[PDB]
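Novice: Can you keep this structure in mind? I'll have questions shortly.
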Amino acid sequence: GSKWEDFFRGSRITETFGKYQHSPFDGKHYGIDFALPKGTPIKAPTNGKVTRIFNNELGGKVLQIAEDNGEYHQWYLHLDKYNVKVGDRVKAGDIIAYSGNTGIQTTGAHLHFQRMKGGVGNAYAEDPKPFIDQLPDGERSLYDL
Ligand SMILES: [Zn+2]
């Protein structure tokens, strides 16, 4: 009826690239965290091809993609469902998966996008922010809201 209005505040990002707290014991986040409703399709930011597909006990489901120059990598943690297989070519704006609260103990879902160069792992990560900064629809080149 009359009452429905949103308790909105700020943008959808939980955490960007950097340390969790002061002191050296709470380490670095190597990605970007888009808070999403469960079942939202994740879109390809760039044209590329799938390298690896696997499921982690604490990070949930994981998709790995490679860019067309072959040096840059793209991780996608906290998926409900895949829309591609290993060895599929993709094109920017195409659905590659759907995000869901997999790995997460109680909290709502967030797409963890992790951007890497020369290989894949924490040390290979660069920064996702300046990459999204040039995309056709920005962060909406990665999700369907
Ligand atoms: Zn994250």
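Coordinate-derived values only; no laboratory data. Here the Cβ positions follow ideal geometry from the backbone for every residue, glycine too, while neighbour counts run over all protein chains shown.
Novice: I'm checking my understanding of the structure. Among residues of segment 38-51 that are part of a strand (DSSP E or B) and among the aliphatic types (A, V, I, L, M), which one is nearest to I95 (Cα to Cα)?
Specialist: The residue in question is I42.
Novice: Which one is farthest from the ligand (Cβ to nearest atom), of the residues in segment 91-110 that are crowded, with 20+ Cβ neighbours inside 10 Å and among the hydrophobic types (A, V, I, L, M, F, W, C)?
Specialist: Among residues in segment 91-110 that are crowded, with 20+ Cβ neighbours inside 10 Å and among the hydrophobic types (A, V, I, L, M, F, W, C), the one farthest from the ligand (Cβ to nearest atom) is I96.
Novice: Quick check on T40: is it among the polar types (S, T, N, Q), crowded, with 17+ Cβ neighbours inside 10 Å and under 15 Å from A109 (Cβ atoms)?
Specialist: So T40 fits the description; yes.
Novice: How about segment 128-140: which of its residues are within 16 Å of the ligand (Cβ to nearest atom) and either within 19 Å of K49 (Cα to Cα) or surrounded by 15 or more Cβ atoms within 10 Å (Cβ to Cβ) (or both)?
Specialist: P128, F131, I132, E139
Novice: Within segment 63-145, considering only strands (runs of 3 or more DSSP E) that don't extend past its boundaries, which have at least 1 residues that are among the hydroxyl-bearing types (S, T, Y)?
Specialist: The qualifying strands (runs of 3 or more DSSP E) are 72-82, 95-99.
Novice: Going through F54, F113 one at a time, which residue ends up being surrounded by 19 or more Cβ atoms within 10 Å (Cβ to Cβ) and among the aromatic types (F, W, Y)?
Specialist: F113
Novice: Kindly evaluate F54 against the criterion of being part of a strand (DSSP E or B) and under 16 Å from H110 (Cβ atoms).
Specialist: No.
Novice: Which residue out of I32, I42, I104 is touching a residue at least 40 places away in the same chain (Cβ under 8 Å), over 27 Å from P130 (Cβ atoms) and among the aliphatic types (A, V, I, L, M)?
Specialist: Just one listed residue meets the conditions, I104.
Novice: I need every pair where a residue in segment 1-25 that is surrounded by 11 or more Cβ atoms within 10 Å (Cβ to Cβ) has its Cβ under 7 Å from the Cβ of a residue that is assigned to a loop (DSSP other than H, G, I, E, B), sequence separation at least 6 or different chains.
Specialist: Qualifying pairs under 7 Å: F17/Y30; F17/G31; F17/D127; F17/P128; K19/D26; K19/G27; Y20/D26; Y20/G27.
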